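Report on the structure
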Amino acid sequence: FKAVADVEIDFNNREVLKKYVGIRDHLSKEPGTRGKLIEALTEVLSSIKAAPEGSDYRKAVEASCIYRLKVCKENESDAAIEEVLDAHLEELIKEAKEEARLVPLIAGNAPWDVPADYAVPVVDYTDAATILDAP
Amino acid sequence: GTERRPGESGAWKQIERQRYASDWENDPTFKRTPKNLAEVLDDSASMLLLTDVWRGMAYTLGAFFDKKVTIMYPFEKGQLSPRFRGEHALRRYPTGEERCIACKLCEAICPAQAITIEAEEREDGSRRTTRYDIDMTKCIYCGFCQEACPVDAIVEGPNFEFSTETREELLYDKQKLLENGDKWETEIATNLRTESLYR
Amino acid sequence: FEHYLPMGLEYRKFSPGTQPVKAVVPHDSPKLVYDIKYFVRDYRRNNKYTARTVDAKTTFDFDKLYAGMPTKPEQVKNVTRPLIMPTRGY
Amino acid sequence: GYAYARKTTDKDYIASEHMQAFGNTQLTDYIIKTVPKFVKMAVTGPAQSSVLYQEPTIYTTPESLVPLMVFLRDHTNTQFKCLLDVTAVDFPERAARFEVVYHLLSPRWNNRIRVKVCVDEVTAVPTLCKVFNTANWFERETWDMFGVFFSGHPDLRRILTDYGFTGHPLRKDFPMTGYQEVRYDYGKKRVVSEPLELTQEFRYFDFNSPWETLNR
Amino acid sequence: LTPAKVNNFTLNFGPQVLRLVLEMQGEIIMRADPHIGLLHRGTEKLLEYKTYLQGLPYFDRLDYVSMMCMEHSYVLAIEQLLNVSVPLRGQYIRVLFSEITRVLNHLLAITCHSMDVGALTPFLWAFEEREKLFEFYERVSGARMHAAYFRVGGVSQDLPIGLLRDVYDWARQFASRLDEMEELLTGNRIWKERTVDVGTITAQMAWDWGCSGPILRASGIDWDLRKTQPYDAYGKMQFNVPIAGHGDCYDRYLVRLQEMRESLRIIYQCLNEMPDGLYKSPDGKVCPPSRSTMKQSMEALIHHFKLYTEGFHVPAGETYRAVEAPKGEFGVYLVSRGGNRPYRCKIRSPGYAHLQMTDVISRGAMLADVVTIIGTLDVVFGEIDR
Amino acid sequence: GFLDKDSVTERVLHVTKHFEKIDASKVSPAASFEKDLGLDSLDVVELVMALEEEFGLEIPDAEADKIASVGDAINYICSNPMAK
Amino acid sequence: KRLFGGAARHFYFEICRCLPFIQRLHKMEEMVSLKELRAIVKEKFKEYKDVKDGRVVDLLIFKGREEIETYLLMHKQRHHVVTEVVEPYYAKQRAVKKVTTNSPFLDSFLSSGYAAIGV
Amino acid sequence: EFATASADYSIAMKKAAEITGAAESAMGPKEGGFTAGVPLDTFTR
Ligand SMILES: CCCCCCCCCCCC(=O)SCCNC(=O)CCNC(=O)[C@H](O)C(C)(C)COP(=O)(O)O
Ligand code: SF4
Ligand code: SF4
């Protein structure tokens, strides 16, 4: 991207860029580290235990947390985690905190309580080029 | 320049923050602190003695001795193109017969509902209009009528200076439209001789 | 530094109604001049919607979902931005 | 907050392969499996985001709309932080004549979604102000244009019609030009609404051919 | 449920078309309640009684500062449900003229913001280039503002010969005009002190407040629809994205200027890559044929008769499409029943969303900054009130 | 008890006297708003407004809802401490 | 104790509470008193005395809240009061006991070929 | 086999019209007209 100021900014030092994009001011003054993300993921995994084991929502959240933890384990440099996850560590910290906070309301409402013969009508859209262009 | 300074912030939260926290120093977009007598004198020359107003002043003053783009209407006019959509008009054939054949495509296409058409067969068997009215106070000059007509009957002429003192004068009938077409035919035909390569 | 308001003949030398060269604007595809069949190219009236089966007793293995995701700085693949929208030869 | 400027270089790419493939083929199935109670009907549509993909559309009761929106904004896989707009459609043929529409944008993964709830004139719709600030004026405009009520709103009042205007102009039964017209009277020195009158009445044209098959 | 009791402070900010009611405990604003609808023309209901081609000029007068962008979203929404591919040359022309329109919108916005602040010279100076681009528009569509140029499947007419020459000639000095424009405000302490740290907005609030366009970019947010969800030939175009991180009026000013720079770059790239070929989609059953073709062929005459009276019948369905408008993200929701008129056409305007931020942003500010808030918001009530 | 049981009664009768929907002789020192007078809830609200206006007080809606008789109003006024 | 909890009487009581401020702010001291203003508001209520859904009554009350609130912030100028409040009262008390002895059907016949519509 | 114009969005309009709870709504005579807010004489014709 392009910096707006008339001055030259290196931007190769990651903290300088973090200052420029105002993460320090608007999102997190504190620099996010791998350990904080690990703590957040562990908290989410602890928090999701309020859901029944038979719920697929718990299953999906657990799978996401397991993948994120594997990413954190196999990666040492935080910039590597940024490259893998296409964001910054502070963003991931906010994501994990948000996902943990989502749990109590879902537990209080429990969307999984549906009859065994619950029916979901599904409609799919098919393009005309499917039968018109070269197979 | 685009750099920022302490005290030049236009707020209170930010001003109170910078005079009681060095957070602006961590920001690279803020001009860094002077470190010697030379840099202090440079900063003083920046703040005092203006030196920022002076440049814009000089540029405006050069603009004073500069040329202008002003035109002397009505003795001078602007630049326009044949595609210009102006006053609607009715066209004829060179023998003198009306081009409009009351196919009512123009009325059908007009989203302004500003066209009122009545027609019947003429005494010679010709299919001609009996009432052809377009409300200029209601016409939006979109030119969609000029696009729809397949005989080049209705055209938006190059006339654009046709303001009237009363609103009633703009209730264009068949007769005034034909008058306008007979007046402006040559210019419209010349423009069509160009627009034909695109239309 | 460039000056506004160029002098005569440096800008808009010719009026639009007096182009020095005749204009040849195509108005049909040379492929479709004599082969005018339309059913092979009626995309509009051939789109379809289908009501799929009741998606209730399905098995969504998130394992397969997360097995296809990268784990390192390398091995990361990104879908390129398409240059243009489809034109179908025109 | 997301979509922060991370790379200093130009990007020739849009999203990642796995995430795009999921969001374009199994996103709807993921939504169905996660919260089937929140799911009532599923349509994957013309992909608001781009002409070359597929995107889903959600139908549900007004009861669970708020938790569904909460999950859709807050889920780690569905970070729909941008609610574009809230509007409605009139279906006078149906028992419930209103189809309220909810649109979301996910800058985290360059995606979008549509959420719809079908209600009648006398059923409340819980407000989404607590979930999105922008819903305030959208709910206001929807109420002004259709009379769709939103329970728990801070202050639900007309925003686009006249001050003393009664009625919802975007209703299908609402006349195109209406009932009242306004003019100034010299005698009373006041600008007053009067029964609508037209020098030339509107002309409606029936072009719909008796042969078209696409009519629905 | 609520009485009046304490009258105390009372204010009325302007019947003349924004009506503003504010609340101050003195010199500092605590509440600000805009009232709108003085320009609500009820177009959306009016759209239902018009054909798709008939209703097209409605989109000219939604944002009369930026027109072709408004046309483009509706046209794309029609075409996607119509499953129609746009020719390459038409896409080039659309993108180039859209960049010119974006330049006009940025110019007029910045000049009006300056005049509200107190600078009058850039207003007059930039309106000369604005007149130049109006001449460009008139040459290609015969209308200065309400061109109605964009069409379903392409454009109404091809570019007249000799237009790109003057386009390049204008671009050869537009950079100098922009440079002389900047020196009047860029290096000024007064302009900054008026604009710096006024109306600060966060990324979290902005995504909560549904921001789009340059305001989003000034919060450290990497987002352009032309790079994330590209349409037409924008994917081929190579250009930069200005990025700021304060959410400041000065920051938005600089962001808009750099956006103008990038628009000029895209204009150059389009100028040097103009292809030769068809400008309208070859489907005569949707696109009108040539007048020469109409006057010598029965089939084209029949299609001209039918389309110009009844028009093409969009298949029943629904879609929403948005375009990276100069004022933000301009989107239109299209509901199709199967006929020749759109059943329900909802219009989304970015300025309407931005205008909703006044109360929270104007808090803690001063009456000298409300005008600053409105000017930097870059709002046209035509799109705000439809 | 905050006021006299008589003067309040004559003031109530006088403020009742100036209603167009009522019969001047049908009004009794003790009556019923519904059965005797044939007046609805809104008329009772208007009655409460007139009484409060003469007596310079304020009555919340619930107390007015509890009020349905002339004696009700008289005893309510006499029980009001802000009485004048 | 009352139909649908009697929300209608509570709404009328609230509007009557808010009424005198409207009279003072809009200079109706020299046209009306509190009593006949209250009578006007009462007659406004009688338009829907036969509604059988509590929900419809709630929405009616909410729209009436909006009308009275836009009355409160003076958003409707004096001309609105002229055209809806005091001149209708003057007409109602003015054309009392008209001297026309013809039936309404015959009145319509002598009026026009169609019945009158609108106000 | 079921085939009644089974290649269009109309099926998506067939459903969402039979949604449970949404398909049991009912209103009394003249009740919806009260919600209209139009002049009362509209119903006299
Ligand atoms: C400046 C003033 C502005 C005014 C604007 C607001 C105007 C609002 C007017 C419309 C409000 C309503 O009708 S509210 C709708 C009221 N209707 C219902 O609730 C259904 C049952 N009918 C009743 O309750 C009646 O009041 C009744 C039969 C008399 C019961 O007799 P009582 O009463 O003994 O109880
Ligand atoms: S002006 Fe042209 S389009 Fe209109 S009725 Fe006459 S011939 Fe037909
Ligand atoms: S130019 Fe447009 S508004 Fe004017 S008559 Fe022709 S179609 Fe109608």
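Each value, and the rule that gives it
Residues numbered from 1 in each chain as written, not as in the entry; some residues may be left out. Chains lettered and ligands numbered in written order. Part of a larger assembly, values for the part shown. Heavy atoms only, no water. Helix = DSSP H or I, 4+ residues; strand = E, 2+ residues; numbered from the N terminus. Rg over C-alpha atoms; globule rule 2.2 N^0.38 Å. Contact = heavy atoms within 4.5 Å. Areas by Shrake-Rupley, 256 points an atom, 1.4 Å probe, with all protein chains shown as cover. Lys, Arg positive; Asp, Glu negative; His and termini not counted. Charge placed at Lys NZ, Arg CZ, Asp CG, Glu CD. Near = heavy atom within 4 Å. Polar contact = N/O pair within 3.5 Å; in protein donor to acceptor, adjacent residues only side chain to side chain. Nonpolar A, V, L, I, M, F, W, Y, C, P; charged D, E, K, R; others polar. Buried < 20%, exposed > 50% of the residue type's maximum accessible area, 1.4 Å probe, protein only. Patch = residues over 30% accessible without salt bridge, like charges linked within 9 Å, V, L, I, M, F, W, Y side chains within 5 Å. Salt bridge = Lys/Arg side-chain N within 4 Å of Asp/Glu carboxyl O. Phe/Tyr/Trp six-rings, centres within 6.5 Å; stacked < 30°, edge-to-face > 60°. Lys NZ or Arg CZ within 6 Å of the ring centre and 35° of its normal. Pairing = 2+ DSSP bridges. Axes fitted to C-alpha atoms, helices over the stretch in contact; angles between N-to-C directions. Core = buried A, V, L, I, M, F, W, Y, C linked by side-chain atoms within 4.5 Å. Buried area = accessible area lost by both parts, 1.4 Å probe.

Some details on the overall build of chain A
- On a plain count of helices and strands, chain A comes out with 7 helices and 2 strands.
- Starting at the N terminus and walking to the C terminus, you meet the elements of chain A as β-α-α-α-α-α-α-β-α.
- Here the C-alpha radius of gyration of chain A, 21 Å, is well above what a compact globule of 135 residues would show, namely 14 Å.
- Taking the principal axes of the C-alpha coordinates as reference, chain A spans close to 65 × 50 × 30 Å.
- The contacts in chain A between residues at least 6 apart in sequence include a share of 57% that link residues at least 24 apart.
- Roughly 6,500 Å² of accessible area belongs to chain A as shown, and the carbon and sulfur atoms make up 53% of that amount.
- Averaged over its 17 positive side-chain charges, chain A has a centre that lies 8 Å from the centre of its 27 negative ones.

Considerations on the site of ligand 1
- Looking at ligand 1, there are 14 residues lining it, with F:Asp40, F:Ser41, G:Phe45, G:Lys49 and G:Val51 nearest.
- One of the side-chain nitrogen or oxygen atoms of F:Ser41 is found 2.3 Å away from an oxygen atom of ligand 1.
- At a separation of 2.9 Å, a nitrogen atom of ligand 1 approaches a polar backbone atom of G:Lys49.
- Expressed as a share of its isolated accessible area of 850 Å², the protein-covered part of ligand 1 is 79%.
- Residue assignment for the shell around ligand 1 shows that the elements contributing at least two residues are helix 2 (34-45) and helix 3 (54-72) of chain G.
- Ranked by residue count, the leading element in the shell around ligand 1 is helix 3 of chain G, at 4 residues.

Some remarks on the site of ligand 3
- With respect to spatial proximity, the complete set of residues near ligand 3 consists of B:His88, B:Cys110, B:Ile115, B:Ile134, B:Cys139, B:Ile140, B:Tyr141, B:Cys142, B:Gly143, B:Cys145 and B:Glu156.
- Among the residues forming the shell around ligand 3, the class breakdown is 8 nonpolar, 2 polar and 1 charged.

A short note on the environment of E:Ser290
Residues and elements named next belong to chain E.
- Within the secondary structure layout, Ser290 lies in the loop between helix 11 (249-271) and helix 12 (291-296).
- Residue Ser290 is classed as buried on the basis of its relative accessible area, which comes to 8%.
- With 133 residues separating them along the chain, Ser290 and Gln157 place their C-alpha atoms 10.0 Å apart.
- Engagement of the side chain of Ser290 in a polar contact is seen with the backbone nitrogen of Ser292, the distance being 3.1 Å.

Structural notes on a nonpolar patch on the surface
- Residues D:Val182, D:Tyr184, D:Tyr186 and D:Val191 make up a contiguous nonpolar surface patch of roughly 440 Å² in combined accessible area.
- Take D:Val191: it is sitting in strand 8 (residues 190-195).

Re the packing of aromatic side chains
- Enumeration over the complete set of coordinates arrives at 41 aromatic pairs over all chains.
- On the numbers, 6.2 Å between centres and 90 degrees between planes, the contact of B:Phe84 with B:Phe160 is edge-to-face. On the criterion of sequence distance, the pair formed by B:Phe84 in the loop between helix 4 (53-64) and strand 1 (87-90) and B:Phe160 in the loop between strand 4 (154-157) and strand 5 (171-172) is long-range, its members being 76 residues apart.
- Judged by centre distance (5.1 Å) and plane angle (65 degrees), the rings of G:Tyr12 and G:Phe45 are edge-to-face. Of this pair, G:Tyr12 sits in helix 1 (residues 7-25) while G:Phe45 sits in helix 2; the two residues are 33 residues apart in sequence, bridging distant segments of the chain.
- G:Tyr12 sits in the buried class, given a relative accessible area of 0%.
- Among the aromatic residues, ring-to-ring pairing joins C:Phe60, C:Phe62, D:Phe22 and D:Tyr30 into one connected group.
- The ring of B:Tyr198 has B:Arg83 lying over it, and the distance from NZ or CZ to the ring centre is 4.9 Å.
- Over the ring of C:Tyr38 we find E:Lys285, and its NZ or CZ is 5.1 Å from the ring centre.

Regarding the sheet that holds strand 6 (residues 317-325) of chain E
All names here are of chain E.
- Across the sheet, which stays open at both edges, the 3 strands sit in the order 6-7-8 with antiparallel pairing between neighbours. Because the sheet does not close on itself, it has two edges, and the strands there are strand 6 and strand 8 (344-348). Across the sheet, the mean angle separating the axes of adjacent strands is 10 degrees when strand polarity is ignored.
- As paired elements, strand 6 and strand 7 (residues 328-336) share 9 bridges and run antiparallel to each other. Within strand 7, the position partnered with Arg321 by the bridge is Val332.
- In this fold helix 3 (residues 68-82) packs onto strand 6, strand 7 and strand 8, with an angle of close to 150 degrees to the strand it touches most, strand 6.

Remarks on the nonpolar core
- Of all hydrophobic cores here, the largest spans 228 residues; its most connected members are A:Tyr20, D:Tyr102, E:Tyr74, E:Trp170, E:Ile267 and E:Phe312.
- Ignoring anything within four residues of it in the chain, the contact list for A:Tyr20 reads A:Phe1, A:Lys2, A:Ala3, A:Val4, A:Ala5, A:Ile9, A:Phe11, B:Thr29, E:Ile243, E:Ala244 and E:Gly245.

Things to note about the sheet that holds strand 2 (residues 115-121) of chain B
All names here are of chain B.
- Taking strand neighbours across the sheet as the criterion, the 3 strands line up as 2-3-5 in an open arrangement whose pairing is antiparallel. The outermost strands of the open sheet, each flanked by one partner alone, are strand 2 and strand 5.
- Summarising the sheet, strand 3 (residues 127-135) and strand 5 pair through 2 bridges and their orientation is antiparallel. By the bridge assignment, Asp135 is partnered in strand 5 with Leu171.
- The strands touched by helix 7 (residues 174-195) are strand 3 and strand 5; relative to strand 3, the strand with the most contacts, the crossing angle is about 90 degrees.

Notes on the pairing of strand 7 of chain E
Residue and element names in this part refer to chain E.
- Burial analysis of strand 7 places 9 of its 9 residues in the buried class, which makes it a mostly covered element.
- Between strand 6 and strand 7, which pair antiparallel in sequence order, lie 2 residues.
- As defined by bridge partners, strand 7 adjoins strand 8 across 5 bridges and the pair is classed as antiparallel. Bridge pairing links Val332 to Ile347 in strand 8.

Side note on helix 3 (residues 37-47) of chain B
- Where helix 3 of chain B begins, one side-chain oxygen reaches toward the backbone nitrogen of B:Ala38, 3.1 Å away; that side chain belongs to B:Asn36.
- The positive-phi residue at the C-terminal boundary of helix 3 of chain B is B:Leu49, with phi of around 60 degrees.

Looking at the pattern of salt bridges
Residues and elements named next belong to chain A.
- Overall, the coordinates contain 109 salt bridges over all chains when judged by the stated rule.
- Put simply, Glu98 and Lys94 hold a salt bridge, and the shortest N to O gap is 3.9 Å. Residue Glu98 and its partner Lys94 are located together in helix 6 (residues 89-109), separated by 4 residues, close to a single helical turn.

Concerning the interface of chain E and chain D
- Taken together, the contacts link 57 residues of chain E with 64 residues of chain D.
- Note on chain E versus chain D: buried area summed over both sides is about 5,500 Å², and carbon and sulfur give 53% of it.
- With a closest N to O distance of 2.3 Å, E:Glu329 and D:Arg112 form a salt bridge.
- Counting across the chain E and chain D interface gives 31 residue pairs in polar contact.
- Counting residues per element, the ones that place at least two in the side of chain E that touches chain D are helix 1 (43-47), helix 3, helix 8 (203-208), helix 10 (225-228), strand 6, strand 7, strand 8 and helix 14 (350-355) of chain E.
- Among the elements that line the side of chain E that touches chain D, the one with the most residues is strand 6 of chain E, at 5 residues.
- For the side of chain E that touches chain D, the per-class residue count stands at 20 nonpolar, 17 polar and 20 charged.

Considering the side chain of D:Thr78
Residues and elements named next belong to chain D.
- Among the structural elements, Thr78 can be located in the loop between helix 3 (65-74) and strand 4 (82-90).
- By relative accessible area, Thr78 is classed as buried at 1%.
- There is a polar contact of 3.4 Å between the side chain of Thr78 and the backbone oxygen of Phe71.
- If sequence neighbours within four positions are ignored, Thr78 has contacts with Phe71, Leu72, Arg73 and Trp109.

What about unusual backbone geometry?
- The linkage connecting B:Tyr73 with the following residue, B:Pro74, adopts the cis geometry, with an omega of 0 degrees.
- Residue placement: B:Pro74 occurs in the loop between helix 4 and strand 1.
- The backbone of E:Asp378 shows a phi angle near 60 degrees, a positive value even though the residue is not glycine.
- The topology assignment puts E:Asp378 in the loop between helix 16 (367-377) and helix 17 (381-384).
- A relative accessible area of 7% means that E:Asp378 is categorised as buried.

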